[PDB]
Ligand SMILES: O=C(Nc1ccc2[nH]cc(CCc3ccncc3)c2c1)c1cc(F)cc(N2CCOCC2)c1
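The chain below stands alone and is given as structure tokens, in the form solved without this ligand.
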């Protein structure tokens, strides 16, 4: 058990292994810090109201279990996790420590116009991390430029687990989402890397859906066939019957292989969207693809997801997970 010290940043207290120094707010609350032990800049995150309700307590546990399991180059991982509390009885606060990646993809696209080679590599690393996430049977569900950290070498990590990058079926609360909701996201992000502009900058919920329909067109008979509801099913007919656009004509001048990949991500029907593993074999990534260096995750026990427990059950399990934590090499 290390030594802790106390300090107030903005309007909140932090107690941290003394090895963590120069705490400075960045936006639970987050602080950048220097890891005196390893010599590297870190992010330390203090979980808001970890055990306030049953839902929060389950979310805390989910969050830790998830991040504990993420061991991949293109996915954020845990350097450390600590509480100031000795014993479960005292246990009330949880801190997570990860790499301070010092620029995100939004920051990169605003300033620099990226080449074809840049977008192959960036999207390639997204799909690579994504293949690993999906192979644990997890859906990210919030991929966007600000959830993607990028260094000087234009190397990328997925952060996470606005609506411009959200699959239309989440916006319609369709339920049982499949993993290709993240693929939709990747398609929006890639369109934006290619053009420098947000593909679907909706002002609100319906606007979002409006701009989507103008690009990819109103649902095809094959898709309408799958819409359980007389409800949803009409209104659609009643809409200005839009043509699916030619992506060739929208992303004019882009690599035609990139344009083909985009048609395969930005399909309305989630059943027809390319998967992360299939996209990695797409000819667009021929320069970067290596079928032996695109690993999948260990099996992720998420049976907890289906259980309804008492707050103290959730916290104790969270405590076990703090105690069980082994740092990476």
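Residue numbers count along the first chain shown, from 1. The term rigid core refers to the maximal set of C-alpha atoms that superpose within 1.5 Å between the two forms.
- [ ] Find out whether the coordinates of residue 111 are absent in at least a third of the other compared PDB entries of the same protein.
- [x] Yes, residue 111 lacks coordinates in at least a third of the other entries compared.
TODO: Would you please confirm whether residue 208 lacks atomic coordinates in a third or more of the other entries that were compared?
DONE: No, none of the compared structures omit it.
Task: Residues with no coordinates between residue 27 and residue 28, taken from the deposited sequence as a class - done: Missing residues, residue 27 to residue 28: 4 to 9.
- [ ] Enter the number of deposited residues without atomic coordinates between residue 121 and residue 122, binned as none, 1 to 3, 4 to 9, or 10 or more.
- [x] None; the chain is continuous from residue 121 to residue 122.
Open item on the list: Highest mean C-alpha temperature factor of the two stretches 113 to 121 and 247 to 255, which is it?
Closed with: Stretch with the greater average CA B-factor: 247 to 255.
Task: Higher-B stretch (mean Cα B-factor, as the entry records it), 309 to 317 or 7 to 15 - done: Looking at the recorded C-alpha B-factors, 7 to 15 comes out higher on average.
Open item on the list: Using only the C-alpha B-factors in the record, can you name which of 240, 185, 135, 208 has the highest?
Closed with: Largest recorded C-alpha B-factor: 240.
TODO: Tell me, please, which of 198, 229, 74, 179 has the highest C-alpha B factor according to the deposited entry?
DONE: Reading the PDB entry, the winner on C-alpha B-factor is 229.
Open item on the list: What third of the chain does residue 288 rank in for C-alpha temperature factor, lowest, middle or highest?
Closed with: CA B-factor rank for residue 288: middle third.
TODO: Could you tell me which third, lowest, middle or highest, the C-alpha B-factor of residue 300 occupies within its chain?
DONE: Middle third, going by the recorded CA B-factors of the chain.
- [ ] Sorting the chain's modelled residues by C-alpha B-factor, tell me whether residue 102 ends up in the lowest, middle or highest third.
- [x] For residue 102, the deposited C-alpha B-factor lands in the highest third.
Task: Where the record places residue 82 (Cα B-factor, split into thirds across the chain) - done: Middle third.
Open item on the list: Going by the CA temperature factor in the PDB record, which third of the chain does residue 153 belong to: lowest, middle or highest?
Closed with: Its C-alpha B-factor, which the entry lists for residue 153, ranks in the middle third among residues of this chain.
Quick note: we don't show the form solved in complex with this ligand, though the next part is all about it.
Task: this ligand overlaid from its position in the deposited complex: site open or blocked at 2.4 Å backbone/C-beta - done: After superposition, this ligand runs into the main chain and C-betas, so blocked.
Task: Heavy atom of residue 99 within 4.5 Å of this ligand in the deposited complex - done: Heavy-atom contact with this ligand at 4.5 Å: present for residue 99.
Open item on the list: Taking any heavy atom pair closer than or equal to 4.5 Å as contact, tell me whether residue 160 reaches this ligand in the deposited complex.
Closed with: Answer yes; at least one heavy atom of residue 160 falls within 4.5 Å of this ligand in the deposited complex.
Open item on the list: Contact with this ligand in the deposited complex for residue 264, defined as at least one heavy atom pair within 4.5 Å: yes or no?
Closed with: It does not: once this ligand is placed as it appears in the deposited complex, residue 264 has no heavy atom within 4.5 Å of it.
Open item on the list: in the deposited complex, is there a heavy atom of this ligand that lies within 4.5 Å of any heavy atom of residue 45, even though the partner is absent here?
Closed with: Because a heavy atom of residue 45 falls inside 4.5 Å of this ligand in the deposited complex, the answer is yes.
Open item on the list: Contact check in the deposited complex: 30, 66 and 70 versus this ligand, with a cutoff of 4.5 Å between any heavy atoms. Do all three pass?
Closed with: Yes, the whole candidate spot contacts this ligand.
TODO: Select, from the options 70 to 78, 114 to 122, 195 to 203, 241 to 249, the stretch whose residues sit within 4.5 angstroms of this ligand in the deposited complex by heavy atom distance.
DONE: In the other structure, the partner sits against 70 to 78.
Task: in the deposited complex, residues of 120 to 134 near this ligand [heavy atom within 4.5 Å] - done: Sequence-ordered list has one entry, 133.
Task: Candidates 151, 107, 115, 237 - which moves between this form and the one not shown, C-alpha at least 2 Å, core fixed - done: The only residue crossing the 2 Å threshold is 237.
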